[PDB]
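# Report on the structure
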Amino acid sequence: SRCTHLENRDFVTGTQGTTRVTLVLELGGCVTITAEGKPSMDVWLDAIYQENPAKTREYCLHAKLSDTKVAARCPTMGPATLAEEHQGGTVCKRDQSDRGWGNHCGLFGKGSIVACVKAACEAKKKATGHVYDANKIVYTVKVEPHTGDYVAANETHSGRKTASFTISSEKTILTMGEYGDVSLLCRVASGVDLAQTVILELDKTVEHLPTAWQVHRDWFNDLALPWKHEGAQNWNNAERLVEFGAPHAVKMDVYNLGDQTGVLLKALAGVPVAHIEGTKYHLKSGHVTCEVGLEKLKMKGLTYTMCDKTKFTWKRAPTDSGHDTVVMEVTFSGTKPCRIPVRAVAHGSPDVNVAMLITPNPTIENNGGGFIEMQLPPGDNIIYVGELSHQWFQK
Amino acid sequence: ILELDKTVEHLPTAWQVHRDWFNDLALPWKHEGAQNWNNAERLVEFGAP
Amino acid sequence: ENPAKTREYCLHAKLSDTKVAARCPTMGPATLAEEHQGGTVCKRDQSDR
Amino acid sequence: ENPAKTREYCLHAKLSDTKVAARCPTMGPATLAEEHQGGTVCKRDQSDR
């Protein structure tokens, strides 16, 4: 059962008459649903994402400066000017330098000086923000029936089904193989509010970093870095990463404040990560409430005869699942298919069956069955699968 | 005298800093000539397994 | 000219050859030869199995 | 019959292939490949030179 793979697992149980079940599925969680006369089902919210979300601003973390130009005039010669002062994509500073005979001016005094640099951004040194549209966000829910077959996490359960939901398409009917149909009504509106969320992306090809972060819109909009719209050619406020030195005669130095990535990363510690897979921008945390309709589900193998009580052996002896249940797997050497005669008694009371089965109507099919998950009361018990027995101390 | 990469064009080639400040930098360090870095973990983080 | 160098600090780590070793609950401690080599950064922890 | 074995302890160590590496005061850290191998016991110290 898929839910046995994780630590975060909930059990939902429907009694007599319970045909519908309302669950709050959370990313990283898993729910096992059990109900009288119904095959058990594992359900979980698998992903929350939007393909190609809209991009808000792009910020530059490392300025690439080039073509530094300086123009200086002697004290009586008027303002110094450069064509660059009027071009976008350049950062300039006008100042005054001390001039005199030493640097070829007729008078000793203040002379006009102006320096400009072309400012661009280093390749792969942008920080881009993305915003979600509640109407385009997709919630993916997976359902897997309890078939008495154990499948590891790196393996694929042939009976697992997937359902996708958007605000405009909240209901799906899934056919669970021979178990019947299950209906899922999940409301995206009951999900995570995304108004103040921005998915921040740096360079997703960097190997030792998460591919994205989920940050607050107000924090993102206040970053003190050069910015522009995707598609725009030049950067606004490029001066944020450039400093000019005090001028001396006909020269003025231009300083680059360096790569701000390290600075940003310190700010991002403790911020939740997100994930990008191609064009899909995923949230790594979130939840949604769904209504599961069980009325069309039917159990499998109810009319088989009981398996020969003499032909069972333990493939995997009873073991603690970590969810206060016991898991085990048996092998049957008799004729299939048949119902597995499972029960358990408390040490000293051989007459009362104390086993509460999670796995519905355990059966050995022609090519499956054998895995059983059950709950037992605290203390010493003995598990029986026909004549096959096993001691079990619960707790 | 602190030196970074003196070949970088838009930066001073060196700074005059206080010895106590320099000795307290929270960065991996080593002696010139040494092959490995001490305290390299200062620039590395491990995720929950 | 050529003043004596004190420490060198690293401003940007270059990481490579990430290796992981994990053992099931009854199989004892996980170990890597790298844990004993200089020039490597390691973290030992516990995962749910 | 054949109960499970927990730890094995060693009551008498068999030591062999003692190796020492020493460096003068300006030559940096002394190192041995053995410091990184399992199955060796090492001690780093400082001697008067």
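### Observations regarding the domain arrangement of chain A
Residue and element names in this part refer to chain A. Domain boundaries assigned for chain A yield domain 1 (1-51 + 135-191 + 272-299), domain 2 (52-62 + 122-134 + 192-235 + 257-271), domain 3 (63-121 + 236-256) and domain 4 (300-395). For domain 1 versus domain 2, the distance between C-alpha centres works out to 32 Å. Counting from both sides, the interface comprises 24 residues of domain 1 and, opposite them, 20 residues of domain 2. Approximately 1900 Å² of surface area, both sides summed, lies buried where domain 1 meets domain 2, with 56% of it carried by carbon and sulfur atoms. At the boundary of domain 1 with domain 2, the tally comes to 0 salt bridges. Counting across the interface, domain 1 meets domain 2 through 14 residue pairs in polar contact. Listed by contribution, the elements that provide at least two residues to the side of domain 1 that touches domain 2 are β4 (38-51), β19 (273-277) and β20 (280-282). With 4 residues, the single largest contributor to the side of domain 1 that touches domain 2 is β19.

### Observations regarding the side chain of A:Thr363
Residue and element names in this part refer to chain A. Note that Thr363 resides in strand β27 (residues 363-364). One polar contact links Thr363 to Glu365, side chain to side chain, over a distance of 2.9 Å. If we skip the residues at most four places from it in the chain, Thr363 touches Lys300, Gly301, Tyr304, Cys338, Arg339, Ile340, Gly368, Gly369 and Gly370.

### Regarding the arrangement of the chains
The protein chains that touch form 4 pairs of chains, and the pair with the most contacts between them is chains B and C. When C-alpha atoms are compared, chain A and chain D, though not in contact, are closest at a spacing of 17 Å. With no contact formed, the shortest span from any C-alpha in chain B to any C-alpha in chain D equals 7 Å.

### Observations regarding the sheet that holds strand β26 (residues 356-357) of chain A
On the basis of which strands lie adjacent, the open sheet formed by 4 strands has the order β22-β23-β28-β26 (chain A) and antiparallel pairing. With partners counted over all chains shown, the strands left at the sheet margins are β22 (312-320) and β26 of chain A, one partner each.

### Observations regarding the state of the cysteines
The final tally for this structure, using the stated rule, is 6 disulfides over all chains. The residue that forms a disulfide with A:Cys60 is A:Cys121, at a sulfur-sulfur distance of 2.0 Å. For the disulfide bridge between A:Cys60 and A:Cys121, the dihedral angle about the S-S bond is near 95°, and by the sign convention the bridge is right-handed. One end of the pair, A:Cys60, is in strand β5 (residues 54-60); the other, A:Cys121, is in strand β8 (residues 109-121), with 61 residues separating them in the sequence. One exposure class covers both A:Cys60 and A:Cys121, and it is buried. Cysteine pairing in chain A follows 1-2, 3-8, 4-6, 5-7, 9-10, 11-12, where each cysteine in a disulfide is numbered by its order in the sequence. Unpaired in terms of disulfides, C:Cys10 finds its nearest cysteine sulfur in C:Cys42, a separation of 17 Å.

### Notes on unusual backbone geometry
All names here are of chain A. Cis rather than trans, the peptide bond between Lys336 and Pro337 has omega equal to 0°. By secondary structure assignment, the location of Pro337 is in the loop between β23 (326-332) and β24 (338-339). Unlike most non-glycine residues, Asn361 shows phi in positive territory, near 25°. Counting through the fold element by element, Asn361 comes out in the loop between β26 and β27.

### What about the interface of chain C and chain B?
How big an interface is tends to be stated in terms of accessible area lost as the parts join. At the interface, 18 residues of chain C touch 19 residues of chain B. Note on chain C versus chain B: buried area summed over both sides is about 1700 Å², and carbon and sulfur give 68% of it. Sorting the residues of chain C by area buried against chain B places C:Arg7, C:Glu8 and C:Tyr9 first, and these three jointly supply 38% of that buried surface. The tally of links between chain C and chain B comes to 2 salt bridges. Counting the contacts that link chain C with chain B gives 5 residue pairs in polar contact. The class makeup of the residues in the side of chain C that touches chain B is 7 nonpolar, 6 polar and 5 charged.

Scoring rules and cut-offs
- Residues numbered from 1 in each chain as written, not as in the entry; some residues may be left out.
- Chains lettered and ligands numbered in written order.
- Part of a larger assembly, values for the part shown.
- Heavy atoms only, no water.
- Domains from an automatic or database assignment.
- Contact = heavy atoms within 4.5 Å.
- Buried area = accessible area lost by both parts, 1.4 Å probe.
- Salt bridge = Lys/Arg side-chain N within 4 Å of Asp/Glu carboxyl O.
- Polar contact = N/O pair within 3.5 Å; in protein donor to acceptor, adjacent residues only side chain to side chain.
- Helix = DSSP H or I, 4+ residues; strand = E, 2+ residues; numbered from the N terminus.
- Pairing = 2+ DSSP bridges.
- Disulfide = S-S within 2.5 Å.
- Buried < 20%, exposed > 50% of the residue type's maximum accessible area, 1.4 Å probe, protein only.
- Nonpolar A, V, L, I, M, F, W, Y, C, P; charged D, E, K, R; others polar.

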